[PDB]
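The structure appears below as C-alpha cells.
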Amino acid sequence: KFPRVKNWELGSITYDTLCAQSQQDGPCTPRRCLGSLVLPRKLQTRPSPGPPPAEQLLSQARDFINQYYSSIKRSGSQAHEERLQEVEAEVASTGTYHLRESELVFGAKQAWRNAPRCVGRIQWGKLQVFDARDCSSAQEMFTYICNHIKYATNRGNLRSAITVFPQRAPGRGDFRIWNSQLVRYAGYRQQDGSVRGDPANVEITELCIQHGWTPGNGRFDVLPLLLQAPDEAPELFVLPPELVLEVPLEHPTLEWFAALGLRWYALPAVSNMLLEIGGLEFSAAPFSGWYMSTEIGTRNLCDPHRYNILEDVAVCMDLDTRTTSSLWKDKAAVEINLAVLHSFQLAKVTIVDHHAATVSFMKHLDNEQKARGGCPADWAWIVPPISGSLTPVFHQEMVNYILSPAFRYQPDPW
Amino acid sequence: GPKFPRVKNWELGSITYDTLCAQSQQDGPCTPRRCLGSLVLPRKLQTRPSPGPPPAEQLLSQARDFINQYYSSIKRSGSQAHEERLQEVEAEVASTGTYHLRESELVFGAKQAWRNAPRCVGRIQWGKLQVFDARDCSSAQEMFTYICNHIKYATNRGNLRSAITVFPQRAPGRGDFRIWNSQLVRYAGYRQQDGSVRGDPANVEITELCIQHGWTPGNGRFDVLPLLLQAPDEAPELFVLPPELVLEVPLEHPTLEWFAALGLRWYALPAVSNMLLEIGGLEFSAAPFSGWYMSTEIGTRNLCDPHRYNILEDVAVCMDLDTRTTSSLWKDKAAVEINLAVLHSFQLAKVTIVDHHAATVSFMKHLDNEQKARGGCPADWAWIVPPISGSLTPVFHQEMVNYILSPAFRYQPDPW
Ligand code: HEM
Ligand code: HEM
Ligand SMILES: O=[N+]([O-])c1cccc2c(Br)n[nH]c12
Ligand SMILES: O=[N+]([O-])c1cccc2c(Br)n[nH]c12
Ligand SMILES: O=[N+]([O-])c1cccc2c(Br)n[nH]c12
Ligand SMILES: O=[N+]([O-])c1cccc2c(Br)n[nH]c12
Ligand SMILES: [Zn+2]
C-alpha cells in the first residue's frame, strides 16, 4: 500500500506513509489514471441542499480538532477534550459549528501546506491570516480586500496573506468573489472573434459590463471586483489604482522589448477557490503570495489561448519563424522569462525564478518527509512549463492525494 | 453526461470522452486514494520470470482476447475462420501448455503494442512498422546476424525506418532469449578512480558486465558498447558491432562556431532492446524495436540530465553566461542551443530527426485519429510533454487518460 518513491537524479528512496491519512478520493482508479485532468466533478465542492450528515461533519471536525491540538502539543489535555465536546454539542444542536481564530489560522496554513499543485509550499509557515468572518455586506468584503491587497503588496516587498470570509451556512447563499483573482486584466471580444486583452477573462469581463462597469479598450485594463453577499446580486467595486502594483516589462539587452508595451501586476491573488477546514467550507477566502517568473512569462504571456506574444517577440528578435526546427519559440520564451525577472528585480518587486523555486521545493519535500512522512505533490504542476528536466523536481517521483484542510475548486456563482 | 472519463483540451476548449479505457484488462498503480502516475517503474507491467507456463486458463483468456482483436481488425469477427482459430489455440494450449502465432497475427500484435504504448509521442507512425520475424533463430550468433540486419535496414544510410525484430517467445522448460543491453547502440560508462564517470553514467553496470565477459574497454566519452546476446540456457556471448553499421552524428552549432570543438556526438538509431513484447499472453523476451530520434531526447535528456552527460554548465561557460545565479536562466539558454545543435547536425548529416514541436503537433493528429478509430488513446502526460518548452507544445494543454492495453511493451527484470 505504501509507495516506494525514487529520485532519479540522486538515486535516493523514500516511502510515503502520509498518504494513509487521506480520507478524500481522487479521480484515479486501478483501471486508469486521470492525474492530468485540471478540474474535477467528484472532488468538486457541491452546494448545501441542506446540512450534510452530522456524523460525517462531526468526523471531519473531530479529526481537525485533533490535528489542532497535536499542533500546539496539548493533545489529550483538558483543553482538548473540552473543545471536542464543544464542537459535538454544537453540531448535535445546530447541524454545524464554529472555529476559534487560532484554529482558523492553523487550518489556513495546513490548507496551503496540503496543496499538491503549489511549488511554493516552503513558505507555508509564514502566512498572514485575516479573519473577516465579521462581514455582512459586499461593501465590507471590499474594505477587507483592499486591506488585504495593501498588506500583501507592501510597496513591492510582497507578503503572503489570506482573508477568510463567512463560512457556508445551510439554507443560505454563499459569500462569493466572482473574480478568479483579485487582480486580472479585461478580455474584450472585439467584433471579429479576436480578443483585446486576456482571452481567459472574456466571460468575467462581460459580466462586469452587465453589472454596470464602463469598460476600457486597452490590453491591460485592471478589472473591477464583483463581490456577492448571501442571496444578493453581486455588487461592482473598482479597485483604487494606487492599490494595484504593476510592473512594466523590458529586456536587459533587447532595447525594443519595452516598446511592446507589456506589463504585469505584482500580486497573484486566487479568489475563486473554497477553503475547507474540519468539514466547514469558506466560499470566499482569497489568498496571495508572489509570482514564479514562469507563470507570467510562459503561461500568461505565451499560452496560445492567452496573450500569445511568442511570435511577435520572435519577429522582433528576427528569428526563423518559418520552421519549427529553428526553435524560434523556445528562444523567444526564454527571453520573455528573462525580461520578467529583470523587470521585477529592477522595480524592487518580489519574484522567484523556476530554478530557485523548485530547488526550494526539494528542500520542502525533505522537511516534510521528516515532519509527516511524505508530501502530496502533483508532478504536472510542480514541474515548470519550460525547462522541465533542467530542474530537480522533474527527476523526483511524487505521490498525489487529498489531505484536509484543503483548497478546493467550486462552481461559478453565475 | 457519458459514463466515461471526460477529457478537455484547454487551448481549444474542446471535449472528448475516453471509452477505450473500458477495454483495459490490466491495472495500473493508482487507486482512488492516491495517484502514482509520476512513478517511472511501477510494479504493474513488470513481469517477474514465471518459472513455468501461464495458468492454462489465464493464458487461454488472454489468447482468446488477442484472437478476437485480430479478427476484428481484418473484419471477420464471428466467422468460421475466427472460430476455427479460437479452437486451434485452445487445442494447442490444452496439449502443449502454450500456443503459437500465425505470421500476420505477430505483425498485428507488434504494431498494436506500439500503438498501445502510453509514453510514446511518435505513435502517428504506428501503422508503418517493419516487422522482422526472427522466430527461427536458435543461437546467440544468429541473434547477432538478425540484429545487424535490423540495424542496417532501420538505419538505411540516414533515412531511418521503424522496425522490430521478434526472436523466439518464452517457452516452458527452456531458457529465455535475452539481449542484455538496454539499446542496440549505447556509449560506455567508465567508473573513474576519483569516483567520477567517463562516458555515459547510466551505462556503468552494462559496461562492467561487458568487461566481465571479455570486452577490452577503451577510455573515451563516446565508445559504443558491444552486445551481450543470450540464447536459451547458455551464458551470454559478446559481439562487437562493426563500426560502419553504427551511424553517428558529430554535433555542431549553426552559428556558434566553437560548439563543434566540444567533440560531442550522438548515434542515429534509437533501438530499445531490453523490453518484453507481450501478445495474447505470449512473451517475447527478445524483440528489439527502433524508430528515430526526437531532438529533445538527445539534446535535453541524454546530454543535459544531471545524472547523464551533464554538459549544461560547460556550454553555459562557453556562451559566457552567469552560471553563478539562477535568474540569468543560463541553464535554459544553453539547453536551447544544445537542442538546436542536435537538430542542425542531424539535418546536416541527412539523418532523420524530429523536433519536439513537430512531434507533439503530429501526436495531436494521432490523438484525433485514435478518437475516431478506437474512442480514445492511452497517453502518459508526463512522458508525452517534452523535457523543455513544455507549455509551448500543444500536448501540454491536452488532458490525457493513461491505461494499460494489450498487446504491450512491458518492462522486465535484468537477466543478471
Ligand atoms: C509564496 C509564493 C508562492 C508561489 C511562488 C507559488 C507558486 C505556485 C505555482 C507556480 C502554482 C502552480 C500553477 C497554478 O496552480 O496556478 C501554485 C499553485 C497553488 N498554490 Fe501556490 N504559490 C505561492 C503561494 C501560495 C499561497 C499563499 C497559497 C495559499 C495560502 C497558495 C496556494 C496554492 C494552491 C491552492 C495552488 C493550486 C491552484 C489551482 O489548483 O489552480 N500558493 N502555486
Ligand atoms: C518513429 C519514431 C519514434 C519517436 C520519435 C518516438 C519517441 C518516443 C519518446 C520521446 C519516448 C519517450 C521517452 C521514453 O519513454 O523513453 C518514447 C517512448 C516509447 N516508444 Fe516511441 N518513438 C518512436 C518510435 C517507436 C517505435 C518504433 C516503437 C516500437 C515499435 C516505440 C515504442 C515506444 C515505447 C514502448 C516507449 C516507452 C519506453 C518506456 O517505457 O520508457 N517507439 N518514444
Ligand atoms: O506564482 N505563481 O505562479 C502562482 C500561481 C498560483 C497561485 C499563486 C499564489 Br496565491 N502566489 N503565486 C502563485
Ligand atoms: O523521474 N521522475 O520522477 C519522472 C517522473 C515523471 C516523468 C519522468 C521522465 Br520523462 N523522466 N523521469 C521522470
Ligand atoms: O526518439 N525518442 O526519444 C525515442 C525514445 C524512446 C524510444 C524510441 C524509439 Br524505439 N525511437 N525513438 C525513440
Ligand atoms: O491542460 N492540461 O491538460 C494540463 C494537464 C496537466 C497540467 C496542466 C497545467 Br500546469 N496547465 N494545463 C495542464
Ligand atoms: Zn493517477
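Protein sequence lines correspond, in order, to chains A and B.
Start counting at 1 in the first sequence, then tack on 68, and there's your number in full-length UniProt numbering.
Start counting at 1 in the second sequence, then tack on 66, and there's your number in full-length UniProt numbering.
Built from N, CA and C at the ideal position, the CB exists for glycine as well.
Three-way DSSP call (helix, strand, coil) for residue i in this model
i: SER139 (chain A); result: helix
i: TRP192 (chain A); result: coil
i: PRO316 (chain B); result: strand
i: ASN468 (chain A); result: strand
i: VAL270 (chain A); result: helix
i: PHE243 (chain A); result: coil
i: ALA326 (chain A); result: helix
i: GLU300 (chain B); result: coil
i: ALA337 (chain A); result: strand
i: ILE345 (chain A); result: strand
i: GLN89 (chain A); result: helix
i: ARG367 (chain B); result: helix
i: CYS96 (chain B); result: coil
i: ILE454 (chain B); result: coil
Range covered by the alpha helix (DSSP H) that runs through residue i
i: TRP447 (chain B); result: 447-450
i: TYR212 (chain B); result: 206-221
i: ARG440 (chain A); result: 422-440
i: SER411 (chain A); result: 396-414
Contact set between residue i and chain B, taken where Cβ atoms lie within less than 7 Å
i: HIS423 (chain A); result: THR392 and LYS397
i: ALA448 (chain A); result: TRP447 and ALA448
Extent of the continuous beta strand (DSSP E) run through residue i
i: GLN296 (chain B); result: 293-296
i: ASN75 (chain B); result: 72-75
i: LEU378 (chain A); result: Here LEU378 (chain A) belongs to no beta strand (DSSP E); instead the alpha helix (DSSP H) covers 378-384.
i: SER80 (chain B); result: 80-83
i: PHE475 (chain B); result: 474-476
i: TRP332 (chain A); result: 331-333
i: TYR256 (chain B); result: 255-257
i: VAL263 (chain B); result: 263-265
i: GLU310 (chain B); result: That residue, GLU310 (chain B), is in no beta strand (DSSP E); it is neither H nor E in DSSP.
i: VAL290 (chain A); result: It is not in any beta strand (DSSP E) - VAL290 (chain A) carries neither H nor E in the DSSP assignment.
i: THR231 (chain B); result: 229-232
Proximal chain B residues relative to residue i, where beta-carbon distance stays under 8 Å
i: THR321 (chain A); result: Chain B residues near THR321 (chain A): none, gap ~12 Å exceeds 8 Å.
i: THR97 (chain A); result: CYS96, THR97 and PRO98
i: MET466 (chain A); result: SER104
i: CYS370 (chain A); result: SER457 and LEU458
Residue-level contact to chain C via CB, residue i, 7 Å cutoff
i: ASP93 (chain B); result: The structure shown contains no chain C; the protein chains it does contain are A and B.
Neighbour list for residue i in chain A, Cβ cutoff strictly below 8 Å
i: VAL402 (chain B); result: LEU395, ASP398, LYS399 and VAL402
i: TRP76 (chain B); result: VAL106 and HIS373
i: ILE454 (chain B); result: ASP398, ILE454, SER455, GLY456, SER457 and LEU458
i: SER90 (chain B); result: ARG99 and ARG100
Listed by chain order, chain A residues near residue i by CB distance under 9 Å
i: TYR469 (chain B); result: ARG99, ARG100 and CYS101
i: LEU409 (chain B); result: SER393, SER394 and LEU395
Chain B contact residues for residue i, given Cβ-Cβ distances below 9 Å
i: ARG367 (chain A); result: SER457
i: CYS87 (chain A); result: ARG99 and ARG100
Partner residues on chain A for residue i, Cβ-Cβ distance less than 7 Å
i: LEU406 (chain B); result: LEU395
i: residue 62 (chain B); result: The structure shown has nothing for residue 62 (chain B), since chain B only spans 67 to 482.
> Can you list the alpha helix (DSSP H) stretches of 4 or more residues lying completely in the segment 110-189 of chain A, in chain order?
Replying inline: 122-139, 146-162 and 169-181
>> Would the segment 389-398 of chain B count as touching the segment 397-410 of chain A if we require 3 or more Cβ pairs under 8 Å?
In response: yes
>> Would the segment 131-146 of chain A count as touching the segment 247-260 of chain A if we require 3 or more Cβ pairs under 8 Å?
In response: no
>> I'd like to know if the segment 91-99 of chain A and the segment 454-466 of chain A are in contact, where contact means that at least 3 CB-CB pairs between them fall below 8 Å.
In response: no
> Counting Cβ pairs, one atom from each stretch, are 3 or more of them under 8 Å apart for the segment 187-206 of chain A and the segment 421-433 of chain A?
Replying inline: yes
> Are there three or more Cβ pairs, one per stretch, closer than 8 Å when the segment 431-443 of chain A is compared with the segment 410-419 of chain A?
Replying inline: no
> Does the segment 247-255 of chain B touch the segment 289-309 of chain B, meaning 3 or more C-beta pairs lie closer than 8 Å?
Replying inline: yes
> With a cut-off of 8 Å, do at least 3 Cβ pairs link the segment 347-354 of chain B to the segment 445-455 of chain B?
Replying inline: no
> Is the segment 357-367 of chain A touching the segment 332-346 of chain A in the sense that three or more CB pairs, one from each, lie closer than 8 Å?
Replying inline: yes
> Just checking, does the segment 222-235 of chain B make contact with the segment 190-205 of chain B on the three C-beta pairs under 8 Å criterion?
Replying inline: yes
> Touch check for the segment 294-301 of chain A and the segment 201-219 of chain A: three-plus C-beta pairs under 8 Å?
Replying inline: yes
>> Three Cβ pairs or more, each shorter than 8 Å: is that satisfied between the segment 100-115 of chain A and the segment 133-153 of chain B?
In response: no
>> For the pair the segment 368-387 of chain B and the segment 363-377 of chain A, tell me if three or more CB-CB distances fall below 8 Å.
In response: no
> Are at least three pairs of beta-carbons, each pair with one atom in the segment 325-334 of chain B and one in the segment 166-179 of chain B, less than 8 Å apart?
Replying inline: no
> Is there contact between the segment 74-88 of chain A and the segment 464-479 of chain A, where contact requires at least three CB pairs shorter than 8 Å?
Replying inline: yes
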